[PDB]
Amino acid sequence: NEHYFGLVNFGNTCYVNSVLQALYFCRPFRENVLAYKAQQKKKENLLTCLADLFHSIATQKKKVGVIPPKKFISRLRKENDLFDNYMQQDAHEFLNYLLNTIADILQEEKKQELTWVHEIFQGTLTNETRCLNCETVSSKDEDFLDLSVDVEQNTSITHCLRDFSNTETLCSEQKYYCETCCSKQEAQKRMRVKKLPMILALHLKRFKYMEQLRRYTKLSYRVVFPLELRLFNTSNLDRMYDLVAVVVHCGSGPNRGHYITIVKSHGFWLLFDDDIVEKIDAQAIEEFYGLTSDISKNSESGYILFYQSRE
């Protein structure tokens, strides 16, 4: 009963398309979106347009084709001055904008607590800062819809995610203002995952700022993404996740490029490049890890990873 349809590009809109495809293949998200369509009112907003689009995909007569998200793109440009243009944009900025926009619509409707957007994507970190002078530990919980992880050459996302939560020692210019010591002190700072989300969206920080050159470059490093991940909670002790989609940035630099998405569907992989959909072998996904050598060249690099919890 599945339907594989590309999306028309309406003027540098691949950044939107690629995210829409990833989200379509996040099952709990697609299901909540379709349930929204099933009950929805006549008032148009970004969520009703997204729901109409998902419904259109889900109900095509044929199993393969192309859909124009014309109404969704018009509405996107109307609502968000940031995207009200025909320029190339960042997929992650678009992802977070879209999710929070939907969430705000859902919250407003509850008021005539958590929305289903948060049920799906929200986790919680516990930041602990420990003054090394008095040993006082201060804990602060902070939610997220995705984690932006830093990268390095020839590593795995498992390592990137672990480094995110590793203990950092703060010295010299980064000393911590301790309220017991009433002064800046050396400290240890650690961000642990208190609660893992149903879908874990990981954003790779594939960029580096060169102070002297006054610009930044894209990091086209090899960063391996496994098909499954076991993740742990601080206080279920752990959760297994499976990779369901990768938004991929194609380009040698950060100012221009194109976006495509690879998704898992019924045990095989599909590549969605705007209007084109192709089957790809499990092995060809390795191309999206990034470049081994000649790393300032054109790369097709994984940028946003979507991991779906098994339960």
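Residue indices: 1-based, along the sequence shown.
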Continuity check for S235 and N236, given as deposited residues lacking coordinates between them: 4 to 9
What number of residues from the deposited sequence go unmodelled in the gap from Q112 to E113, classed as none, 1 to 3, 4 to 9, or 10 or more? 10 or more
31-39 set against 63-71, stretch whose average Cα temperature factor tops the other in the entry: 63-71
Which has the higher mean CA temperature factor in the PDB entry, 74-82 or 131-139? 74-82
Of the options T126, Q212, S172, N96, which has the highest CA B factor as deposited? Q212
Reading the B-factor column for Cα atoms of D52, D242, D274, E286, the highest value belongs to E286
Taking the chain's C-alpha temperature factors as the reference, tell me which third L202 falls into: lowest, middle or highest. lowest
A282's Cα B-factor: lowest, middle or highest third of the chain? highest
Where does the C-alpha B-factor of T261 rank in its chain, lowest, middle or highest third? lowest
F144's Cα B-factor: lowest, middle or highest third of the chain? lowest
Among all modelled residues of this chain, ranked by Cα B factor, put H92 in the bottom, middle or top third, i.e. lowest, middle or highest. lowest
